[PDB]
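Chain IDs A, B, C, D and E follow the sequence of writing; residue 1 opens each chain.
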Amino acid sequence: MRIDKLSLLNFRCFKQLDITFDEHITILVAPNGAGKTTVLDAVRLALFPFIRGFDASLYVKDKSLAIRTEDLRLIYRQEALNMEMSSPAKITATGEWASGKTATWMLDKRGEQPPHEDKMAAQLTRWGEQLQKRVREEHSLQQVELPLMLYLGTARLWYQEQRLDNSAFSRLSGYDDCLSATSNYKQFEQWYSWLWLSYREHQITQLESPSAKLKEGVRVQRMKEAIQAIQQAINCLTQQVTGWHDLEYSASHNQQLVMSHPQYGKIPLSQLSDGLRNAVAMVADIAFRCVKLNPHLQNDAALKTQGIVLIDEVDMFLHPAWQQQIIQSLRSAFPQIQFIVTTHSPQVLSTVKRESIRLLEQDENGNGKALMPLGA
Amino acid sequence: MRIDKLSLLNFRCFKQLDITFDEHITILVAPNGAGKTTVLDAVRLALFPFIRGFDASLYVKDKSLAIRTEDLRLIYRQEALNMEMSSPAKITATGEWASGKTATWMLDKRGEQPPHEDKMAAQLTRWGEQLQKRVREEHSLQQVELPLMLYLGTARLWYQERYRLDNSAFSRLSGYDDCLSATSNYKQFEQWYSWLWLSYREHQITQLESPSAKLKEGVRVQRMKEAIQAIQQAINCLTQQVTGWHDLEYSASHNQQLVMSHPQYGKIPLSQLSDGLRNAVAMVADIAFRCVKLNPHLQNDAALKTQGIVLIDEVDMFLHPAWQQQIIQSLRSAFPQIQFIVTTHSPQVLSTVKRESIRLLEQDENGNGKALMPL
Amino acid sequence: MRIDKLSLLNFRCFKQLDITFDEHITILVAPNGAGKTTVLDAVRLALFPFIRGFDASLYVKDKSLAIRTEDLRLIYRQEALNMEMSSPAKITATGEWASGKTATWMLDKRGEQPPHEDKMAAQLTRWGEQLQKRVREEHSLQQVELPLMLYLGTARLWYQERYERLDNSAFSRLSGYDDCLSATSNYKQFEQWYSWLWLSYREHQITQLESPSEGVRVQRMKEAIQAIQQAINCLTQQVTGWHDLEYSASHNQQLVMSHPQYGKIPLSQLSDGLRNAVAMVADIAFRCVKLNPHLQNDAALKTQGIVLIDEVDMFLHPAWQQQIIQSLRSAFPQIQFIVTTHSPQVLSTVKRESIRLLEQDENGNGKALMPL
Amino acid sequence: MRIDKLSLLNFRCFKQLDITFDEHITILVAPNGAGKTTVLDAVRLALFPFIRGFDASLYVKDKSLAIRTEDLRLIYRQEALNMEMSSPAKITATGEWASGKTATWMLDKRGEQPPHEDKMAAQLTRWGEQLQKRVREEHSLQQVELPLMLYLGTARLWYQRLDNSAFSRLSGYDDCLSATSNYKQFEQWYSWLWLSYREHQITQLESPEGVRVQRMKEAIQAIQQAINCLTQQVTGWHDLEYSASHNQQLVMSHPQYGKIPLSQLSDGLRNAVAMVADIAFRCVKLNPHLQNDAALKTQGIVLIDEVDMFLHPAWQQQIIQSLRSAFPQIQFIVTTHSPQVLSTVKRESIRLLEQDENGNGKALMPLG
Amino acid sequence: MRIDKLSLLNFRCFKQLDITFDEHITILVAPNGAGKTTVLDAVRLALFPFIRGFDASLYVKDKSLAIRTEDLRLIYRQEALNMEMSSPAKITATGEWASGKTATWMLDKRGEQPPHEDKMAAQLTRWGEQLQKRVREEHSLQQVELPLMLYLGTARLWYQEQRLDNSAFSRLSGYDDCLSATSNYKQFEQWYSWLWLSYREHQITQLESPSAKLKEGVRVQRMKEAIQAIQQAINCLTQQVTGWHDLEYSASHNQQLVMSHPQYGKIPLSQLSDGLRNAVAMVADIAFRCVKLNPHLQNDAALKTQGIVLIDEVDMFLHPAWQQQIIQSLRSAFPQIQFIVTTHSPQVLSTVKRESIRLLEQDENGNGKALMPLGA
């Protein structure tokens, strides 16, 4: 979808806040205190209505996706013995789903009562259910494109039957743990290893019975093109600056992924630099979701998929020459996704214009301002 | 807040009952199987709607706070050797909420259908919600006075061998936690009192270290000291004269326990004391700390300037007659602005009590009840 | 068994105390802070070894059955504003176990060292082991008579909404010693045993009615039910009106009582006094029935032992208070009672030879004396 | 203890490298793939034998404690399309172990054969065994000064008594090469220690034996001094405390703004405080026979990877000086890739890493 | 070891029992009741002192290898309301170990008290500890022969790293769950598959690269002889009556165990008859323990290992022609193992002498007698 602005009232550290988001790229910088995680959590809480209408609900018991009592402001006064909650907590998300309509959905919590949603949240989850039911039917000539809602946190490296063909499954499995705060690298390695081995098996079998090629070769073709897509995205980060390219799988290396370099050969990914692993994990996380969601594009799963992706500390483990080429490379790899990223490195801030910078300042009473730089 | 009259219809052992309360103290005197706990439960059920408007009532797990099928009167027909269930069971209560506002509200239950209430109970709930909103408001000029509601039944007893803070324990509304429930609330008092004492000692040590911070920093020390003295005075007023023990405090030497002092004896933990003193201290503390927590802007008159209704069942238990002759006066002197409704079956409590506070309960063969002043 | 004299040295509030008990009933009358629960705890600690000789004492989770450092006397030195712990704490008990056998046994604790006991304390454990061995024998011509020991403290109370498939050990005689000298409530055991009895009796009733003519077990069950019912009637009927305690399936499988004017009501819907009195009497009655099954009709009327009751007049109005001692003596004629109270109404019709006023001096010297 | 030179032959990425360390501080400044973690890992492996003689490393099964097959260099041919697995992996470390006790030790790995070392490594291991036996004596007037060895990597951010006993002394070397330092455990044990100290203070205050009191008091003093060295310069905050009055929280003091909670600070500063506090606590535990200058008078080697992790550029100009001043006897080896760290450091401690087209690495200093 | 007598007092259903065991084979027959399981459990409880001296028992902590309170005798009388518990319960076992050391140990329980043991039980545990410490050495030239204690129950078909070389491990791992009542066929198939794959890989790297023929032949010979011993033990039951023989591992059938028949070929084991599967499981369960315990024999791991084995319902799922050949084939497969087996069928009873049959009968009071038949 898309988001235009977000308003916060009586949240964790903000008494009130109004923030505006850019069309393509926006960067949040806060010199002191928290506040970046607060805004990212607010945006993450404003999109759970969509994913809830996709069989993802309290079965996993992910209690972090609803406003909690610990998320309400609690003021301490030195001259009094009591400590009173400030009620109610309110998130007002303004967005745009399909070109033409502007929506404004609100999520509020009052004290210890269960959280409450407005009519627009119900409308949004009904839209999610509508897309699910439209996908699940196969007796249609016109296919549909799903949006991508992904959240990447600072815990994305802590603890580092597969299918691809069009169906109700393998098109809704890309929403599994999309907004979770844990790592999801094992899933990528399993899926990629399965895809590579099955592609090798299919290309071996192709030489046996060419008669059914009209029904078989296309399979291989699909299982080829997808790979290319993924690889292309990864290259856009790892080749011009570092030199590594063409992520591959080979059982000859004790069945683990490898990467290629012009001069240092083919080396396992498990014993490379930290920044390369970070970039590979991020771009892989975006890409394999993009290719599972829209197998029907088969070459523009990364160049036509639309959605919203959240990143915390995008410049983690990278050197300045790399930090001067991360934003443009992310834009080139995925040109149709809106990004909300949080940084603090002065190098990254010099690769973007003044319209994509938001300085968050907080007063003593909690009032917050999301300003833009004065000079240019 | 005040309650003035009460009516019961087909509630337990009473086919019909009308009872009138006094402004300050009312004592119900009757033998076993007369209906005192019945009246106390009726008052609890009448007053619950006010508490239902607060966020502290969402954790109540007491099943006795709604009218039940076991509460419907059963009539024994001897010829058929049968018991017939009479319906409906109804409660009516007249009272005053704010200045110059009289009201009457009703509760009912028929058969096995869920209980029902009229509009006035909903208005109590809305009044409670309004007060809760007023308390939680920042930058308020006028002050807010919260009332006190408590029920001290037979589950308050401290028998042999019967016995960090959450962010909600520091709120005013925490004075309404388990207020009208049939449970024991000594652990909450213990935790809060220990926290006050630890904070006060921390400030004392800090002041003793550097004598250069006694400017705008000593307000919190003063507030805590005043809360401590209020609770201590309230507890002393019941025990000191007849028993000698006073000054309930917190001691780290005695394995971090609550201790009390005697002139002839020494200083002993509360859990090692007599049953009567132990129960009396628990009973008085249950009111004192709630009074301190609810209204923090009085700061030394929380016990002496709080209004509300407090219910006590079997007030003279574990106390010898010499102690029984002083309890009503001690409670009236400690908490002078609280309407007390108490029940007893001992002539010693009524030793020095006016005849305008005693209600004898009588019943006829058909179940018609009477609550009358003594002649 | 029987206890005749007791001595306390450096216990909680007594530097020294010597107390003599009566054969049948003895009442301790004193205000608060006088040492009645102190004497009851002393007697409980003295009597523990006999139970410690039984296999039913392995599941005891009570920390109050051993002398603790909190029981050592503390002397307040005013000049130094100090508390001094005086040692040692001793408990001496004189009594009789079997015919023509007088004994005296002592318990001690010094400092923070573990408590100690003498040889005469171990002989009680050995006698308990011997009795247990004689109860678990097949083809024994001689009968075995077991004594009853019970403690009914302040933890027995049935307050508002307390609401406290049998194991194979619940059918043994020795199960009469489960949590006997512990500060706990034992109402669930009585409820389960009584419900099982009533269900079995009804099963036999329908079985007999189906095919008119096995005949002995029905008689045993009927006799046990009659004994328990009579024991409760001896206290509840005359003053209040509720007599028969029965199991009812029509009332959602609950225990019910009946009244001449009112109807039939569950026990958990009655007054506090009724609940407490019924629990107190039943706790003795069903243990009497279980311990000695060979009497079969006089288990309550022919059982010997010691029963300790604290605050016997709780939740009872003066008219009921005037008759508790007589009711207990009429229900259980052969049991030695030691009870504590501070009400002048319980002593209304009691001989002066059963009253022990407790007093103490400024130095802690205690006296338990007859009135006048 | 001190390391003076490291030499590597046929390592992960270096065909031959010779680096000279400094007495106090050294920074390896290089972009990605230039071999900064490799140097730290080599130093870490060189120090394994000393720890190995403590009967505590046999429980954990970690493959990184010895050279593996993945360590051996691989050469690319570009014509045969094959990777040549070179051999042997060589590690040479020279230094001082005591007052005028110089030594030079070596670790080797040939092919798939298990790694083996010279008997000077056994000499170091038996020196460690001698130390652990000597400290275990229950009656000895002589004072033993144990050193500090710690490795804080990029995995550090994710998951009882202070008596003069052998268990307390040997608890310092627990997980000394796989240390973790986040905020949760730090606040937990700091709060426990402060609660015990406040209990003893209140006991003394109420009624006017001291063995366990002074230890806690001066451990508090040491930790407070270290954190103050970290924070009191740039900001006025100092004297981290646990306040039960202030909603039972860890609070800091500022002469103008009063008291502020520690939960209002950013994650980076909290993690830096936790790192400094953990190092100071290990220093206090290891050498109790000073009780207040343990952090200021203990020698050893501490290895930190990516010291500029999650730090605002304003706090990247004071980390090195703060670490130097809070521990003026420890030898530090840290790896950075940010110029803001180097804005106040002298030239002598900077070791830029270069590598030719073959793998002939160099560790040099800026020319000026 | 060996057992020559067993006495039971106040156990589950026997008030008093005295039973004598034969040197090689003994059969227990009971027309009614559950005495056979009682006697087998008594024998199983009298051998746990030996196994308790091995640390490998730490893997199992079931509360079933000690005398429970439910194992005592409860007396129900129809004329009384009380039900009492007969105490004490005693298991007296008379046996021989060390080939000449006669002993008589006793286990007892008194009511709810914890179980008690005599000096001889401690001696047996100490002898187990001595054997463990003597095995844990490696440089010693003289080799130790361990005994086997195995129990097979009726639940041995329900539930349906690796090393072999001489060491402290792989010689004590054969005692893992030796007296448990849960099936352990998975832990046999895993070990057998590992052994077969390793042997095949050694053979492949042998003939493919003759230069690596220096000293790897000894491992190949040891593994070959282990396979041969297991196969012969299984053949001694299967071949003569059913025709199947020479079980094999082959990945050509989806990595599954296979068996061979001259007139039907090679078939996966999971699809044969029930009786053949039962026999394979039993003989495998004996065999791989016999070969892991004593690799040093390396030719007669089955023909020279001594011990005691208990079988419940030995004739399960077998037809009458197979029930006249089970006892003799068990004896031939393992000639030096004492067997205590329980059965019903009259066909098995005709293949053994009159001196190896025990008939258990109970009186009304519980007194038990173990008679011998008069006829043939």
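Here are some notes:
By definition in this document, contacts are C-beta pairs under 8 Å (C-beta built on N, C-alpha and C of every residue); 3 or more make two chains touch, one makes a residue touch a chain.
The set of chains touching chain D and also touching chain E is empty.
Inter-chain spacing, taken between the CA centroids of chain A and chain E, is 58 Å.
Remark: chain C and chain D have CA centroids separated by 67 Å (rounded to whole angstrom). Averaging Cα coordinates per chain places chain B and chain C 34 Å apart.
Centroids built from CA atoms put chain C at 71 Å from chain A. In chain B, the residues that touch at least two other chains are 167, 170, 220, 224.
Of all possible chain pairs, those that touch are A-B, A-D, B-C, B-D, C-E. In the complex of the two chains, the chain D residues touching chain B come out as 198-199, 201-203, 205-207, 243-245, 247-248. In the complex of the two chains, the chain D residues touching chain A come out as 12-13, 31-33, 37, 70, 74-76, 83, 154, 158, 246-247, 258, 264-267, 306, 310, 312-314, 337-339, 357. Residues 74-75, 78-87, 111-113 of chain A are the ones touching chain B in the complex. Against chain A, in their complex, chain B makes its touches with residues 55, 58, 132-133, 135-136, 138, 167, 170-172, 219-220, 223-224, 227, 293, 296. Only residues 164-165, 167, 170, 195, 198-199, 201-205, 220, 224, 251-253, 256 of chain B touch chain D when the two sit together in their complex.
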